[PDB]
Structure formats: C-alpha cells, structure tokens
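Student: Structure in structure tokens, see below.
Computed from the coordinates by the stated procedures, all read-outs in this text should not be read as laboratory data. As a convention, Cβ positions derive from the backbone with ideal geometry for all residues, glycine included, and neighbour counts pool all protein chains shown.
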Amino acid sequence: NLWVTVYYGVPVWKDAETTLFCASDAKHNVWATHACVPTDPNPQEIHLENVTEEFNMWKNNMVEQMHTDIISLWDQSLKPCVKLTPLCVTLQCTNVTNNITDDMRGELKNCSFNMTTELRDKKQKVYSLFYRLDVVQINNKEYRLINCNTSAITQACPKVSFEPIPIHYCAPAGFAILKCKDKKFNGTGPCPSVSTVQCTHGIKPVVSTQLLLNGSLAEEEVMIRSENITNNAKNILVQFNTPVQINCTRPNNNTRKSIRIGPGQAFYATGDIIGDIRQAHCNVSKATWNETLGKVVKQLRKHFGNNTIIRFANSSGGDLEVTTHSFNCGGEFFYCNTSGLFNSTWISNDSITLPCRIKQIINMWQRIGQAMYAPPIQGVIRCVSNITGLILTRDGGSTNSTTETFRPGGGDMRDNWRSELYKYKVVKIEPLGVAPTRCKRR
Amino acid sequence: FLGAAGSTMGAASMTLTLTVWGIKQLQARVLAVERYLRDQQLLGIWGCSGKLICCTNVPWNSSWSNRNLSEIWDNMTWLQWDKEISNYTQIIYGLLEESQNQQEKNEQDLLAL
Amino acid sequence: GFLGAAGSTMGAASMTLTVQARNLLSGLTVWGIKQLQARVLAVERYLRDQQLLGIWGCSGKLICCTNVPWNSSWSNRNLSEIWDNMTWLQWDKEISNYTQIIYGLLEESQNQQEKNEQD
Amino acid sequence: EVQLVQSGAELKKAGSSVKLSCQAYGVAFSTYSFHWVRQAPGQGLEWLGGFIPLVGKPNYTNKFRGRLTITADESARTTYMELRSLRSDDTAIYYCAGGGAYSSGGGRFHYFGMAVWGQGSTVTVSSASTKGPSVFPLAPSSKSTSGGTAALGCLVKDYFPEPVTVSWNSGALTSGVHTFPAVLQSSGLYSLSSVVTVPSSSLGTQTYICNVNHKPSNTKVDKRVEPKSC
Ligand SMILES: *[C@@H]1O[C@H](CO)[C@@H](O[C@@H]2O[C@H](CO)[C@@H](O[C@@H]3O[C@H](CO)[C@@H](O)[C@H](O[C@H]4O[C@H](CO)[C@@H](O)[C@H](O)[C@@H]4O[C@H]4O[C@H](CO)[C@@H](O)[C@H](O)[C@@H]4O)[C@@H]3O)[C@H](O)[C@H]2NC(C)=O)[C@H](O)[C@H]1NC(C)=O
Ligand SMILES: *[C@@H]1O[C@H](CO)[C@@H](O[C@@H]2O[C@H](CO)[C@@H](O[C@@H]3O[C@H](CO)[C@@H](O)[C@H](O)[C@@H]3O)[C@H](O)[C@H]2NC(C)=O)[C@H](O)[C@H]1NC(C)=O
Ligand SMILES: *[C@@H]1O[C@H](CO)[C@@H](O[C@@H]2O[C@H](CO)[C@@H](O)[C@H](O)[C@H]2NC(C)=O)[C@H](O)[C@H]1NC(C)=O
Ligand SMILES: *[C@@H]1O[C@H](CO)[C@@H](O[C@@H]2O[C@H](CO)[C@@H](O)[C@H](O)[C@H]2NC(C)=O)[C@H](O)[C@H]1NC(C)=O
Ligand SMILES: *[C@@H]1O[C@H](CO)[C@@H](O[C@@H]2O[C@H](CO)[C@@H](O)[C@H](O)[C@H]2NC(C)=O)[C@H](O)[C@H]1NC(C)=O
Ligand SMILES: *[C@@H]1O[C@H](CO)[C@@H](O[C@@H]2O[C@H](CO)[C@@H](O)[C@H](O)[C@H]2NC(C)=O)[C@H](O)[C@H]1NC(C)=O
Ligand SMILES: *[C@@H]1O[C@H](CO)[C@@H](O[C@@H]2O[C@H](CO)[C@@H](O)[C@H](O)[C@H]2NC(C)=O)[C@H](O)[C@H]1NC(C)=O
Ligand SMILES: *[C@@H]1O[C@H](CO)[C@@H](O[C@@H]2O[C@H](CO)[C@@H](O)[C@H](O)[C@H]2NC(C)=O)[C@H](O)[C@H]1NC(C)=O
Ligand SMILES: *[C@@H]1O[C@H](CO)[C@@H](O[C@@H]2O[C@H](CO)[C@@H](O)[C@H](O)[C@H]2NC(C)=O)[C@H](O)[C@H]1NC(C)=O
Ligand SMILES: *[C@@H]1O[C@H](CO)[C@@H](O)[C@H](O)[C@H]1NC(C)=O
Ligand SMILES: *[C@@H]1O[C@H](CO)[C@@H](O)[C@H](O)[C@H]1NC(C)=O
Ligand SMILES: *[C@@H]1O[C@H](CO)[C@@H](O)[C@H](O)[C@H]1NC(C)=O
Ligand SMILES: *[C@@H]1O[C@H](CO)[C@@H](O)[C@H](O)[C@H]1NC(C)=O
Ligand SMILES: *[C@@H]1O[C@H](CO)[C@@H](O)[C@H](O)[C@H]1NC(C)=O
Ligand SMILES: *[C@@H]1O[C@H](CO)[C@@H](O)[C@H](O)[C@H]1NC(C)=O
Ligand SMILES: *[C@@H]1O[C@H](CO)[C@@H](O)[C@H](O)[C@H]1NC(C)=O
Ligand SMILES: *[C@@H]1O[C@H](CO)[C@@H](O)[C@H](O)[C@H]1NC(C)=O
Ligand SMILES: *[C@@H]1O[C@H](CO)[C@@H](O)[C@H](O)[C@H]1NC(C)=O
C-alpha cells in the first residue's frame, strides 16, 4: 500500500536558454553600465558535493547573447551622431614634410577640399590631415576617402568613451548558473567539481585580435583548448599562467580643428602636429616572451608528441584587421605588426618593438555598409596592458610532416568572449517532485 | 540553495526549505512572476497549498516504478529519480486534480446534511 | 477537454472545475510587444480573481460555502430544475442582474466573521 | 564509502564517567542517523540510543535514562556518548553505527537500520591498575614438528585490561595463525597465546616476529621467534 507524496523544493534542474540581464558595480560610455542593476557586495556561491556535470565550451548560448548585446549597444551609441555625407568629395592631397622621419615618409597627407557652408548658397575651401590608409588615389594628386564606394561614414560623438567596464551577467528567478571549479578543465566533458551562482564575474568587453588583453589567467598551467584538435580548420585558444606586459604609445602631439558643415553640424579635423612626427609603437619584454613561448611549446607537445619540431611564423594573407594585432588605446585605433613576436623554432633587459599604424575610418564586427569616423585625440597617447592569451591556427602539413607550424589568428569576436565564458552554463530549476510513501491523506 | 543535489533522496527530503539593458530587466521580472504564480496554482489545485511535504490520496501504480522503498530513498538522487518517472508526470498530475475535486464535492455533501 | 462540459448540466459540469482552472494562467517589433502585454494582462486578471476569492474566505478552494442566505427575490426556482435542467451558460443570463449585491454581501459577511472570531 | 572511526580502549573505576567519540567520513553529517550499541562479554547486542543531528533530540532506552547523553559536533563531524555512574556490569565493547532515513512530512521519519558500523571501543570498569604485557617466545623444536610442519608462537602474559592485538610479520603472515582468546588468571591479569604453523624448511631461512600492542598501557613489543639453540 503505497501513495503519491508531493515534495516542493527538490534539487532538480535541466539545461535551458533564457535572457540574462546585467549588473555592474555602482556617464557617457558605449556600454551603458549606468542602466545596469547594482551588484551585491558579497555574492553567494554554493559548492555542489558529489555532483558531476557536462560542459561544452563550444556550444554555449551565453556567447551569442553577449555578441548580440555588444553589437546592439555599439549601434545604439551611434544614432545621435553627425553624418559625414558631404565629405565624399575629391580631395587634392600632398605629402606631409617638415620634421617627419625616414619611417614616416608618406604616412600623413595634407588634403584640401571644398566644403558646404551653413548657407546653402556658397562653399568654403578647407584642409585637413589624413592617414595614408584612409585615402585612395583616383586618376598635386586627386584622392577620395576609402569608404566612398561601399558605405557611409558617421562621425563618432566625441563625448562618448570606448573604455571597457566590467559587466556581470545574471539569471532570472527560477534559473541558476553552474560554474566549473576544475583547474585542468579543457572546456568539453564532465567537470567533477561544480558550484552554483546567480551572476558571473566581471567581464570586460575588450575587442582585439591575435592577442587577448586585460583578461583572466589560468591557475595551474598554460591551457590549450580546441573544438577538434586534429582538425586544422579550428582555432586554438591559449590561456596564459602569468601575464605579459605591453606598453603602447602614439607620441605625436595632435591638434583638433572644427569645421562647420551645416546648421548645427561640426566636423572635427586634424590641424598641425607641433614638434616632430614619429611612429607609434608597442614594447614587449624579450625574456618574458621567451619564457611564455617555452611554456606554450611544452604544453602543446602533449598533443603532437615528444619529438616534434614546433615553429612559430607570422600571419599570412587577409585584411589588415586579421593580419595585424588590432586594438583601441584611449580613442585611437592601432594596428601593430607582430612579425617579431612569432618568429622561432623549437627542437625537442632588452625589448621587442612592434611598429603600429593608425586608421581613422573603422569597420567593426566584420560588417559592410556601416563605417565610423573616429575624431582626433589631442596630445600624446600611452597605455599599458597585459597579454593573457593567444588565438592560433595550424597549417595542414601532410606527407609525413615531422614539424608543426602555428600562426596567429582571429577576427571573429565570439572567440574573444568564449575565453571568459567557458566555465559557466545556465540551468532551469524544477523544484516539484512526486514519490511513493506509505502514508495517506486524512 | 541546490546544496543536496548529490545526496540521496531521503537526505534531501529533510532540507526542502527603451535601452538594451532596460528591456532585458523587464522580461526577467515578468518571467519570475509568471513562474511563481504557476507553481503556486499547481500546488493549490492539488490541495497542497501552504506545505512543503503534502500527503495525497492517489495510490501508486506499480507500472510507474516497481522498485522497493529501500532502493528509492537510500540509493537514488532526485536527478536520477526524475529520469525514471518523467513519462508519467502528467498522468499523476491529472489524477491529483481529479482526486482533489472529489474531496471538495464530498466535503460539500457532508456539509449539506 | 477544455470547456468540454459547456453543454452539460450544472451538476455534471461541477466535477470538471480543475479542467478550466488550470487553463487560465499559461494555457521591439510588431509581434514583439503584442506578446508581453498579453502575459501581463493574464497575470492581472488571475490575481484579481484570486483576491476576490480570498476576501470572501474561499481562498484556495474550488467549492466554498458561505453564510449568506439565498434571497428569494433573486430567483424562485427549486433545486430540481437548476442542477438537473439548466446549464451554467443558461444560469448566468438570469442572475447577471444581482451579482454585485451578492458580492457585497459575501464581503461584509466574511469581514464580520473575521472581526467576531478574533474577538 | 561511509566510514566510522572510534576512540581507543578505556579503563574506569566504579562511580566515574566515560566519554566515547565516533567520527564519520563520506556523508553529510546533519541528515544521517547515528546509534550506539553495546555488547557485554559473551552476551548479545543491546541498543543504547539513537540520534539525528539535524533534529537534535536523542532517543534513549529506559534502562539508561539519566546516565546516558548523546551529543554531536558538526564541525568535527563527530558524535559523543557519555555514560555516568559506571558499575561492574558496564564493562563492554561499544559500537557506533549509522544509517539513513527519510521523511514523509509532519514529524514522521522512517529508517532502514544500521548499515555502517564502527570498530568498537572496549570500556572496562574495574579498580585494578593498568599493567603492560610480558611477551615470551614459544620456540619451535623437534617436539613441535609434525609431518614437515612446525608450530611457533608468542605467549602474552600478565596484562590488564583487554584488549591486545597480535600480528605476525607486520601482518604479512596470516595463514595458519591462531590467536587464542584471553583467559582471566587467578591474579586478575589476562594471558593468551598466538601461534602459527609453518613449513619446517622455512625455520632456518624465514624470520618470524610477533608484534603485540597493548594500547591501554601504551606497550608495543616486537618479539622474534627462533628455534631453541642446542
Ligand atoms: C587594459 O587596462 C589598462 C588599465 O586599466 C588600460 O590602460 C588605461 O587606459 C586608459 C584609456 O586610455 C587611460 O586613462 C586615460 O588616461 C589619461 C589620464 O587620465 C587621459 O588621457 C584620459 O582621460 C581623458 O579621457 C577620458 C575619456 O573620455 C575623459 O573622461 C577624461 O575627462 C579625459 O578627457 C580629457 O582629457 C583629454 C586629454 O587630456 C582630452 O582630449 C579631453 O577633451 C578631456 O579634456 C584617461 O583617464 C589609463 O591611464 C590607462 N591606464 C594605465 C595604467 O595605463 C588599457 O587601455 C586596457 N587595454 C585595452 C586594450 O583595453
Ligand atoms: C562524496 O564526496 C565526498 C567528499 O569528497 C566523499 O567523501 C570521502 O570519502 C572517502 C572514501 O570514499 C574518504 O576517504 C577515507 O577517509 C578516511 C581518512 O582518510 C579513512 O577512512 C580512509 O583512509 C579513506 O581515505 C574521504 O575521507 C571522504 N572525504 C570527506 C571530506 O568526507 C564521498 O565518498 C563521496 N561520495 C561517494 C558516494 O563517492
Ligand atoms: C597643409 O597645407 C596648408 C595649405 O594648404 C598649410 O597651411 C599654410 O601654410 C603656409 C606656409 O606656412 C602659410 O603661409 C598659410 O597661411 C597656411 N594656411 C593656408 C590656409 O594656406 C599647412 O601648413 C600644411 N600643413 C602641413 C602639416 O604640412
Ligand atoms: C576531427 O577532424 C578530423 C579531420 O581533421 C577527423 O578525422 C577524420 O575523420 C574522417 C571521417 O569522419 C576520416 O575520413 C579522415 O581520414 C579523418 N582524418 C584524419 C586526419 O584522421 C576527426 O574525426 C574529427 N574529430 C571529431 C571528434 O569529429
Ligand atoms: C620602447 O622602447 C624604445 C626603445 O628603447 C623607446 O623609444 C626610445 O628609444 C631610444 C633609443 O632608440 C631611447 O633613447 C629613448 O629613451 C626611448 N624613448 C623614451 C621616451 O625613453 C620607447 O620609449 C619605448 N616605448 C614606450 C611606450 O615607452
Ligand atoms: C612598461 O612601462 C612600465 C611603466 O608604465 C615600465 O615599468 C617601469 O620600469 C622601469 C624600468 O625598469 C622602472 O624603473 C619603473 O619602476 C617601472 N614602473 C612601474 C610602475 O612598475 C615597464 O618596464 C615597461 N615595460 C616594457 C616591457 O617596456
Ligand atoms: C611575414 O614575414 C614575411 C618575412 O619577413 C614578410 O614578407 C616580407 O614582406 C615585405 C613587404 O611587406 C617584403 O619586402 C619582404 O621581402 C618579405 N620577406 C620575405 C622573406 O619574403 C610578410 O609580409 C609577413 N607577413 C605579414 C606581416 O602578414
Ligand atoms: C612586418 O614586419 C616585417 C619585419 O620587419 C616586415 O618585413 C619587412 O618588410 C620590409 C618592407 O616593408 C622589407 O624591406 C624587409 O626586408 C622585410 N623584412 C624581412 C625580415 O623580410 C613586414 O613587411 C611587416 N608587415 C607589414 C608591413 O605588413
Ligand atoms: C596586469 O598584470 C599586473 C602584474 O601582475 C597586475 O598587477 C597586480 O595586481 C594585483 C591586484 O591589484 C596586485 O595584488 C599585484 O601586486 C599586482 N602585481 C604587480 C607585479 O604589481 C595587474 O592587475 C594586471 N591587470 C591589469 C588590468 O593591469
Ligand atoms: C574647389 O572649387 C574651386 C572653385 O570653385 C575649384 O577651382 C577647385 O578645384 C575646387 N577643389 C579643391 C580646392 O579641392
Ligand atoms: C571600392 O574601392 C576599392 C578601392 O579601389 C576597391 O578595391 C573595391 O573593390 C571597391 N568596392 C566596390 C564594391 O566596388
Ligand atoms: C578534453 O578532455 C576530454 C576528456 O575529459 C577528451 O575526451 C577531449 O579529447 C579533450 N579535448 C582536447 C581538445 O584535448
Ligand atoms: C602638446 O602641445 C600643447 C600645445 O602646444 C602643449 O601645451 C603640451 O605641453 C604639449 N605636450 C607635450 C609636448 O607632451
Ligand atoms: C629563447 O629560448 C631559446 C631556446 O632555449 C633560445 O635559443 C633563445 O636564445 C632564447 N631567447 C632569448 C634568451 O632571448
Ligand atoms: C614527453 O616528454 C615528457 C618529458 O617530461 C614526458 O614526461 C612525457 O611522458 C613524454 N610523452 C610521452 C612519452 O608520450
Ligand atoms: C626572424 O628571425 C630570424 C633569425 O634570428 C631573423 O634573421 C629575422 O630577421 C627575423 N624576422 C623578423 C624579426 O621579422
Ligand atoms: C519515455 O518515453 C520516451 C519517448 O517515447 C522513451 O524513449 C523512453 O524509453 C521512455 N522511458 C520509459 C522509462 O518508459
Ligand atoms: C448533450 O445532451 C444530451 C441529451 O440531453 C446528453 O445525453 C449528453 O450527455 C450531453 N452532452 C454533453 C457533452 O453535455
């Protein structure tokens, strides 16, 4: 004689997808963290004893939500800004001289053009300084902007900051976030040490290629992760154990000028650089990079054997965003040449200087049809960052190849936030169960 | 919170006690309210309101699960148990509702005389 | 199934209350905002009905007995032609006039009961 | 696997009090059920008290009411049994046992018995003092050889109280080992013999050592047994 008994509050859960909201630590920023819920000072974490869960780093639904949120915020911040439609004219350009160095020959151009006035009856003649990567010669010389055959440019609002602010992703009531506490977790499979939370840790949306910056570090060893390690069409994600400092600088003292292109509409052009004109660059430490590469090679050999020769060579082919380390340092966008970082072969005090170029017309998120103009920043620019990972690719060396070649990669921003959301999953709580007992309702 | 997920069923039975961000917040609030109300209504229609362990009047059919009480409350977890009787949940849920309606009618009949 | 006893007598349809009870809570673009206000409206209607039941002393019940005597001015039919020769849809059309009087009577009676019980 | 570890032996006088501890490994301590069961020499099992740490209200038999207390330290994952006003009949081996339970709601708890047992603690109530044992070699000889098999052993004499543990070759030699039950001599001290039968050809090549341990007197003696020199 058994009867059904109802238990409310049993520990059962299932895999789910839901909308996560934002919490941030308590004004003009691209990602509006001022609209986010305040963060609890001491969040609660519950260790789940004798529980084994299954995680998959490469099929997480939080990554797609983060991608969509970042792109939506980027688009939302660009609506009130000034359209630069009358700037697609024929420029008359000459080379900039007067205290340039031998490395800066032909990188800046002095371009004059006719601009619309606030009166729709007469024109003005103005000039500005443009980088060589923003103009295309058409047949002094006649130039046009890079984008005036594929998209329209919108000038970024100068009061808006691009600085990343940490964001916590939170689940609604009736949902929980499982977290993997294993220190040797490779992103896919069973994780025998599980905890539960309501929010993820602070995650900064840092946009970069070939190098992960300002992120999180591994706790025991350098970690190598891939969806299918024998398929060379898959990117390899490398998580460092200790960070590598990088110092990036633009040493020119820039000047900004304002040109009125219509009633209530201003365009911020570059004036004249005071002082000499020098090249922008980043510095990394040689010994620290050597140590990090040795550790990466040691951990990579566990997938390819004791006696394989492992060599690093620079990138090969693609657009400038993919073939260079591209990032954003205080408003300005840098594209640096990393051919000295990846040049070596491994057989079983000084600095490395990477020269960088600057581009002012930006195409983000691998899209076509929406370009953005970044107004100039005044004065010298300097920033310091930590390299905490890598994105690599492997060449398809067939015919009894005893050596493997790894090249820097990137370009898709989902791999950037897959390196932060790799230990988290979202589950749905189902606290209602029925079981047989020997007791009956009175 | 979910601290007895790895314990036996019996051990766990003792411890049952606009903008981009602004649009996302409202949906979460609505979802939470919906889930709370749905669970409360489901408990209520069975006569189990206000309780965490509620005794019912529906006998256990051996075709749902034929194990003894020793290998259920001392050898399984609620996650393991949920995998076994997942196909029969709606049948039991309907049976509970019919049983409670019969109880309501019987109470009315008792008060009638 | 749902509303299946709509043509059945008032006595035969009193044993299917749970069928209609559960189908009342869950049973940016053009289509985007047409779905959220629906959910909010359903929640508010359900809460209003639940509060109305609760303030009569009938909270969490399907059939609830009250202390209000049946005023014969509302209807004079005997019980043999109400629970066996009528339907809820046919019964509502007759007593639709006197609903609010009964609601006020129930509210005052329950409040009086609580007041004198707590004393 | 669930494991229960108990304390060591105890000697007490009449009218004193004794406290035993039992530590649990491998389970959530608060929701498990712990019980105490004593066994007198040559008698059956007796249930003393049972207790669930979460509920916190121990249940006792009526014979030990007022003299028995059962407590729990959750941080140490231990349960303590305290017995007062000891008598001569309280000398016994005390076991700590454990078992699971479940609840059907409304103060109702259903059990399954004691599935995990401890090793037991010997409590002896006597006015005699603790004395270390004397170990002597029962050497093999021509009078202890039969058909190629020779018997050799160790005599453990004049110790108090029980028990003493005797092993051979640090537990390596177990086959043919007979450890006889202790006998109470007229002097009030216990005596026993632990012997082993081995091939006679191994006497000159294999070293035999008996390891005796009397925890109450903190005595540990490793005695080598050799054929008597002639
Ligand atoms: C990884 O993390 C590190 C450390 O967190 C990051 O390095 C920091 O980078 C920021 C941004 O470049 C930098 O902060 C700037 O430093 C200067 C001194 O404070 C200022 O140039 C600047 O303030 C101006 O800009 C802000 C942005 O709008 C304004 O809010 C502020 O009012 C200032 O603007 C005034 O001044 C400027 C020029 O003077 C003028 O044009 C304006 O009109 C206005 O008058 C920032 O505070 C930090 O100093 C860096 N920290 C370190 C330790 O180096 C690094 O960028 C991260 N890496 C990546 C890749 O994201
Ligand atoms: C659930 O997880 C817990 C915690 O990891 C496990 O408890 C552990 O169980 C092992 C035995 O399986 C215990 O090892 C034993 O402990 C003592 C001291 O070492 C001793 O008796 C033995 O020598 C042995 O090592 C271990 O101590 C214990 N850990 C804790 C913190 O209690 C438990 O086994 C898991 N449950 C299942 C069903 O696997
Ligand atoms: C860019 O060219 C402009 C002219 O097109 C230069 O500005 C002129 O410089 C001359 C020489 O010093 C002055 O006499 C004029 O008054 C300046 N203004 C104009 C409107 O002609 C400017 O110096 C050039 N800039 C650089 C960086 O080479
Ligand atoms: C990972 O990718 C490799 C290919 O790089 C897959 O191995 C191939 O499997 C196919 C059949 O599916 C065989 O025909 C090929 O010969 C295999 N290639 C090699 C180089 O061995 C492998 O199966 C993939 N792994 C998973 C888990 O899907
Ligand atoms: C990166 O290192 C270079 C080289 O040390 C620094 O650039 C200058 O280098 C010259 C010699 O080539 C030195 O005499 C100067 O002292 C260096 N500059 C300064 C300001 O000290 C460069 O400064 C370093 N980069 C950063 C961002 O500090
Ligand atoms: C990057 O720049 C930092 C400063 O922003 C450098 O750190 C300084 O290094 C000098 C030279 O050894 C020390 O005297 C200072 O005390 C350091 N300052 C701090 C705040 O630590 C760092 O060396 C640079 N790194 C590289 C690779 O060029
Ligand atoms: C990778 O490195 C190679 C070799 O250093 C680069 O190839 C050089 O390209 C320049 C023009 O940019 C030529 O003048 C050199 O002759 C080339 N060298 C050789 C050995 O062919 C290549 O550009 C680099 N790829 C990048 C940076 O994407
Ligand atoms: C990145 O750096 C490498 C190494 O400095 C560049 O390769 C050099 O290219 C120049 C012409 O730009 C040649 O004169 C050198 O001989 C090349 N060096 C070597 C060692 O081959 C490479 O071009 C750079 N990548 C760019 C500019 O995209
Ligand atoms: C970059 O790496 C540096 C060096 O490890 C980090 O600086 C550490 O910061 C922590 C937390 O504030 C301090 O406890 C350590 O003492 C710092 N280390 C040193 C050597 O000074 C820094 O936090 C990292 N992150 C960023 C964004 O710069
Ligand atoms: C601007 O207009 C003038 C006269 O209207 C013309 O001569 C000149 O070529 C135009 N373009 C320039 C200055 O780039
Ligand atoms: C736009 O112009 C660039 C530079 O000449 C050229 O490479 C590109 O193909 C053009 N795009 C289209 C869509 O015609
Ligand atoms: C990750 O670890 C699992 C075992 O947990 C293994 O099957 C899988 O191949 C590993 N993946 C990589 C890329 O090493
Ligand atoms: C940049 O130029 C401005 C204006 O001449 C000057 O005040 C400032 O000191 C300069 N900054 C330097 C040289 O670092
Ligand atoms: C990096 O290590 C390799 C391998 O030992 C060595 O050949 C090379 O010289 C090192 N580079 C340094 C110390 O700058
Ligand atoms: C590769 O060499 C390392 C050196 O430490 C060794 O530990 C490892 O076992 C080797 N891998 C093999 C033999 O597969
Ligand atoms: C790559 O390394 C080789 C060997 O030291 C060197 O000759 C060459 O210039 C390097 N290439 C770079 C730094 O681009
Ligand atoms: C539950 O139903 C599914 C779907 O038909 C079936 O695959 C599974 O075997 C069933 N389980 C049991 C225990 O009947
Ligand atoms: C419909 O009416 C007929 C005749 O009175 C009755 O037998 C039948 O049960 C009714 N059906 C329903 C579904 O109420």
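Student: Hey, can you tell me all the residues within region A:383-435 that are within 14 Å of chain B (Cβ to nearest Cβ) and either among the small types (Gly, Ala, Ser) or assigned to a loop (DSSP other than H, G, I, E, B) (or both)?
Tutor: If the condition is that a residue be within 14 Å of chain B (Cβ to nearest Cβ) and either among the small types (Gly, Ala, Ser) or assigned to a loop (DSSP other than H, G, I, E, B) (or both), then A:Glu430, A:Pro431, A:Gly433, A:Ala435 are the ones that fit.
Matching residues to (1) acidic (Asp, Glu); (2) more than 22 Å from B:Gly44 (Cβ to Cβ); (3) part of a helix (DSSP H, G or I):
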{"site": "C:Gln20", "(1), (2), (3)": "no, no, yes"}
{"site": "C:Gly27", "(1), (2), (3)": "no, no, no"}
{"site": "C:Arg48", "(1), (2), (3)": "no, no, yes"}
{"site": "C:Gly57", "(1), (2), (3)": "no, no, no"}
{"site": "C:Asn71", "(1), (2), (3)": "no, yes, no"}
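Student: Looking at B:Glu98, B:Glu104, which is the one that is surrounded by fewer than 18 Cβ atoms within 10 Å (Cβ to Cβ) and acidic (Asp, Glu)?
Tutor: Matching residue, one of B:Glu98, B:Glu104: B:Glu98.
Student: Just to be sure, is B:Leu69 more than 24 Å from C:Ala21 (Cβ to Cβ), surrounded by fewer than 19 Cβ atoms within 10 Å (Cβ to Cβ) and either of a type in the set (A, V, I, L, M, F, W, C) or within 11 Å of chain D (Cβ to nearest Cβ) (or both)?
Tutor: Considered against the rule, which asks whether it is more than 24 Å from C:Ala21 (Cβ to Cβ), surrounded by fewer than 19 Cβ atoms within 10 Å (Cβ to Cβ) and either of a type in the set (A, V, I, L, M, F, W, C) or within 11 Å of chain D (Cβ to nearest Cβ) (or both), B:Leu69 comes out as yes.
Student: List every residue pair whose Cβ atoms sit under 8 Å apart, with the two residues 6 or more apart in sequence or on different chains, where the first one lies in region C:3-25 and is away from chain B (no Cβ under 12 Å) and of a type in the set (D, E, K, R) and the second, anywhere, is more than 16 Å from ligand 11 (Cβ to nearest atom) and not in a loop (DSSP other than H, G, I, E, B).
Tutor: none
Student: A follow-up question, please. For region A:361-393, what are the residues that are crowded, with 17+ Cβ neighbours inside 10 Å, of a type in the set (S, T, N, Q) and over 18 Å from the mean Cα position of the chain (by Cα)?
Tutor: Within region A:361-393, just A:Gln370 meets the criteria.
Student: Scanning region A:288-321 for residues that are among the small types (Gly, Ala, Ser) and more than 16 Å from ligand 16 (Cβ to nearest atom), which turns out surrounded by the fewest Cβ atoms within 10 Å (Cβ to Cβ)?
Tutor: Looking at the filtered set, the residue picked out is A:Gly317.
Student: For region D:177-230, list the strands (runs of 3 or more DSSP E) that sit wholly inside it and hold at least 1 residues that are in contact with a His (Cβ under 9 Å, 6 or more places away or on another chain) and of a type in the set (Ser, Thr, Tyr); which are they?
Tutor: D:190-199
Student: Now, a different point. Got at least one residue in region A:30-51 being surrounded by fewer than 21 Cβ atoms within 10 Å (Cβ to Cβ), facing chain B (nearest Cβ under 7 Å) and hydroxyl-bearing (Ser, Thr, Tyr)?
Tutor: No.
Student: Would you please name the residue that is farthest from B:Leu26 (Cα to Cα), looking only at residues in region A:1-29 that are part of a loop (DSSP other than H, G, I, E, B) and facing chain B (nearest Cβ under 7 Å)?
Tutor: Ranking the qualifying residues of region A:1-29, first place goes to A:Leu2.
Student: Which of the residues that make up region A:414-435 are touching a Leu at 6+ places or on another chain (Cβ under 8 Å) and farther than 30 Å from A:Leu2 by Cα?
Tutor: Residues satisfying the conditions are A:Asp415, A:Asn416, A:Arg418, A:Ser419, A:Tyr424, A:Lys425, A:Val426, A:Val427.
Student: If I go through region D:62-83 residue by residue, how many of them are of a type in the set (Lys, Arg) and either touching a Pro at 6+ places or on another chain (Cβ under 9 Å) or exposed (fewer than 15 other Cβ atoms within 10 Å of the Cβ) (or both)?
Tutor: Here the count works out to 2.
Student: Please verify whether A:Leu91 is more than 16 Å from ligand 17 (Cβ to nearest atom) and over 36 Å from the mean Cα position of the chain (by Cα), treating the condition exactly as stated.
Tutor: Answer is no for this residue.
Student: A:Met66 versus (1) closer than 30 Å to A:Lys184 by Cβ; (2) assigned to a helix (DSSP H, G or I); (3) at the interface with chain B (Cβ under 7 Å from one of its Cβ atoms); (4) of a type outside the set (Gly, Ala, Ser): which is the lone unmet condition?
Tutor: It is condition (3) that A:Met66 fails.
Student: Moving to a separate point now. Just the residues that are surrounded by fewer than 17 Cβ atoms within 10 Å (Cβ to Cβ), more than 14 Å from chain B (Cβ to nearest Cβ) and in a loop (DSSP other than H, G, I, E, B), please, taken from region D:88-131.
Tutor: Scanning region D:88-131 gives D:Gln119, D:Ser126, D:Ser127, D:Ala128, D:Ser129, D:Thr130.
Student: Same structure again: Examine region A:137-150 for a residue that is of a type in the set (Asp, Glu) and more than 30 Å from A:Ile261 (Cβ to Cβ), and state whether such a residue exists.
Tutor: Taking every residue of region A:137-150 in turn, none turns out to be of a type in the set (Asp, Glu) and more than 30 Å from A:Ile261 (Cβ to Cβ).
Student: Kindly evaluate B:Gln80 against the criterion of being away from chain D (no Cβ under 13 Å), surrounded by 14 or more Cβ atoms within 10 Å (Cβ to Cβ) and either of a type in the set (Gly, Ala, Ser) or out of contact with any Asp or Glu (no Cβ under 9 Å at 6 or more places or on another chain) (or both).
Tutor: No; evaluated as a whole, the condition is false for this residue.
Student: What are the pairs with Cβ atoms under 9 angstrom where one residue, in region A:210-239, is farther than 20 Å from A:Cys180 by Cβ and the other, located anywhere, is in a loop (DSSP other than H, G, I, E, B) and within 16 Å of ligand 14 (Cβ to nearest atom)? Sequence gap at least six, or different chains.
Tutor: A:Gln210/A:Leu341; A:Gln210/A:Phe342; A:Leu211/A:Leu341
Student: Residue pairs, Cβ under 6 Å, 6 or more apart or interchain, first in region B:32-49 and facing another protein chain (nearest Cβ under 7 Å), second in a helix (DSSP H, G or I). List them.
Tutor: Every condition considered, the pairs that remain are B:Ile45/B:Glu97; B:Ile45/C:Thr18; B:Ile45/C:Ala21; B:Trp46/B:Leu96; B:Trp46/B:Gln100; B:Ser49/B:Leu43.
Student: How many residues, within region A:140-176, are over 19 Å from A:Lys204 (Cα atoms), of a type outside the set (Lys, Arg) and more than 11 Å from chain B (Cβ to nearest Cβ)?
Tutor: 17
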